[PDB]
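Okay, handing you the structure first.
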Amino acid sequence: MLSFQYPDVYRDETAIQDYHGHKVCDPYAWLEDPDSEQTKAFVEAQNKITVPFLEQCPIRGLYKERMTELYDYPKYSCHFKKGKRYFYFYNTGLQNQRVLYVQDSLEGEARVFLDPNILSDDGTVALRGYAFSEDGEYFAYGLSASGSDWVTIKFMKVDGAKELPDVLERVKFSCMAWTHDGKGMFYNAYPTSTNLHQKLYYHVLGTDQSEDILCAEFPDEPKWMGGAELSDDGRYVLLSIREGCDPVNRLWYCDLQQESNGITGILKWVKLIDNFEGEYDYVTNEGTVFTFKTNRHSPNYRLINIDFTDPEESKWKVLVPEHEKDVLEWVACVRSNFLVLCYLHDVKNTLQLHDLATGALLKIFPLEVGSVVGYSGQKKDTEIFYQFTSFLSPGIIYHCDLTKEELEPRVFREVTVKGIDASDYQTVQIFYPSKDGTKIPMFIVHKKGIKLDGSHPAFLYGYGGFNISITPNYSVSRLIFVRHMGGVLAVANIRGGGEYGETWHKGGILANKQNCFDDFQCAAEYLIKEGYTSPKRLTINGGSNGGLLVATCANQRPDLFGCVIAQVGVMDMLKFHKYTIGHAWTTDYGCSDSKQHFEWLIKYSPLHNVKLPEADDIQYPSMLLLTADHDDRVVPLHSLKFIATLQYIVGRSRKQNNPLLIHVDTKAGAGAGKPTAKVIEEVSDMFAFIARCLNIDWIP
């Protein structure tokens, strides 16, 4: 049972806004301020009920012990070469943050180069971006505290790992790009609030930030963000300008040879692509001929060559045409004249080597079914590394020496499932019909030989937005659910994602956002119909835009789910654009300032669709929201107002017996750069909640 009471929470019944003639009340609006005494008291009252609930069953401790043991495996990035040295990231297993190492050769002794763990007591200072100078002798790196999106950039001389005096503040959503003369580096800085007016600066090494040169600004377009990179030959600065989250950008360039006295003020920008109709992602150039990955006229992406000296679109060359189905995910240039292309084929990666001059296929790098999650090999490099992972594969790093006549990729590092036997499980891919008949991919992972009798707990994950493809990845936390809780794992590749290119994305955004929710509800119906699980035993989970997914699903089909866990969810679809970087998400969601968009948003906004189920035998699933009390990406008011609303409307009802809880982390932030210790706490909360709500016996 629930041996607690929900806290009394003040309702500001005067908080009424007219939206295009539709009056909307927001009685918990005051939870927008994370530092008020009122919001702090609300947070404290909620945690006072949630924490004892989660910690009461010995299950949480059993899970936490197993997680701590099974997550304690070596974690490596690919090696990458910079100048005359190799670097890689490595975590012995349970360090809060991974450490950057340096070695003089592949064969050589490695030494610690940058250890973020020494920057805090609790691993809450994290590396957030870095850039080596072109010659590899200098290193810039960003640090973020408590998951904040604000960054401080610091600098080191690589030889002897010497700290330099240079410090850059007010950095956020920033490029880091050194000019090839080694003189300095481009970065971005700013002059619940929304930051606007991001500018591009150039920092000369050995000077104060107050001396930095302003190189680009967009004072008539406060939402524009301009990121700089250097061409591979150092001649051009390429400025990619974004506004919102769609895969599109303007592309301007500056020929640095044409800057008379070097970088001294606003650069002589040539506005090569001066609209937001397509994405142009620089791959490499040979003189004035620039190869870009684009989605212009090509929703599954392709490679084009634009000659800056003859730049009309009718003159562009298609180097690697668009595939009819497979998405070109990313492209690198290596060993001067090779291209590495990574495709997504039915939600699994393939990796290929092509000739730069013709686009011809040269070599397929064989992979098992899963994802390529890391890669190294730049134009001047003569070898590649790439890292593969999958639901049952922690990671394999491959290496290939590209100077050889016959290429022979080899295993360079491999980590196997520790503790659990991977051969006892299997991963299947199925395609299920959505409401409108569209076939949606879903991966299912389960113990071999189970009976499809509906008896198994299931954990169904989704995201559904922003052109993000949800590809196979290794999660110890989910494998513990399978092995020790007898669960079935599922990941549904719903629309809004990038799995089938830009048409898949467009099929799940704006007026079509309800297609995401339909797809995800249909995934749940498939797992049930096919006998993997039953509604009372089904948990759904998502984070951020995926927290919106699962919150909406709880309101729309409370009868389909036993348990819902939403991490840092976007819950107030009418006000999201008003806070921090939320304005950028209007490219997926629309904005309530428009009547048309309001009419879409109101139908699904989780905060505005909490309703007691009409049927006497249906209640809301058990729900757990997780957020920290400060989060500059998804402001916590989303989850705070949502849980207040759930507890008032549904939790007060006699028929509601399933708990509706929030756990607010008040300890030095969660979010991106989350230390290992927090990850372990969070998954332990999640799976304890599931275990208690579904009364699942631990399987030792």
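Per Swiss-Prot, chain A residues shown: 1-191, 202-710, in order.
Per the header of the entry, the method used was X-ray crystallography, 1.6 Å.
The backbone N, Cα and C atoms fix where each Cβ goes, and this holds for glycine too.
Swiss-Prot lists these features:
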MOD_RES   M1  N-acetylmethionine
MOD_RES   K157  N6-acetyllysine
ACT_SITE  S554  active site, charge relay system
ACT_SITE  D641  active site, charge relay system
So among the recorded positions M1, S554, who's got the most Cβ atoms within 10 Å?
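Of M1, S554, the one with the most crowded Cβ is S554.
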Whole-number Å distance between the CA of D641 (active site, charge relay system) and the CA of the residue listed as 'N6-acetyllysine'?
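With distance taken Cα to Cα, the residue listed as 'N6-acetyllysine' is 33 Å from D641 (active site, charge relay system).
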When DSSP states are folded down to helix, strand and coil, where does the residue listed as 'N6-acetyllysine' land?
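Strand, per DSSP.
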For the C-alpha pair, I'd like the distance in angstrom between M1 (N-acetylmethionine) and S554 (active site, charge relay system), rounded off.
30
Roughly how many angstrom lie between the C-alpha atoms of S554 (active site, charge relay system) and the residue listed as 'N6-acetyllysine'?
38
Which residues of the same chain, at least 6 positions away in sequence, have a Cβ lying under 8 Å from the Cβ of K157 (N6-acetyllysine)?
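In sequence order, the residues whose Cβ lies under 8 Å from that of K157 (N6-acetyllysine) (at least 6 apart) are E137, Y138, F139, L164.
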Could you tell me how far apart, in whole Å, the Cα atoms of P191 and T202 are, given that 10 residues between them are missing from the model?
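The gap of 10 missing residues is bridged by a Cα-Cα distance of 16 Å.
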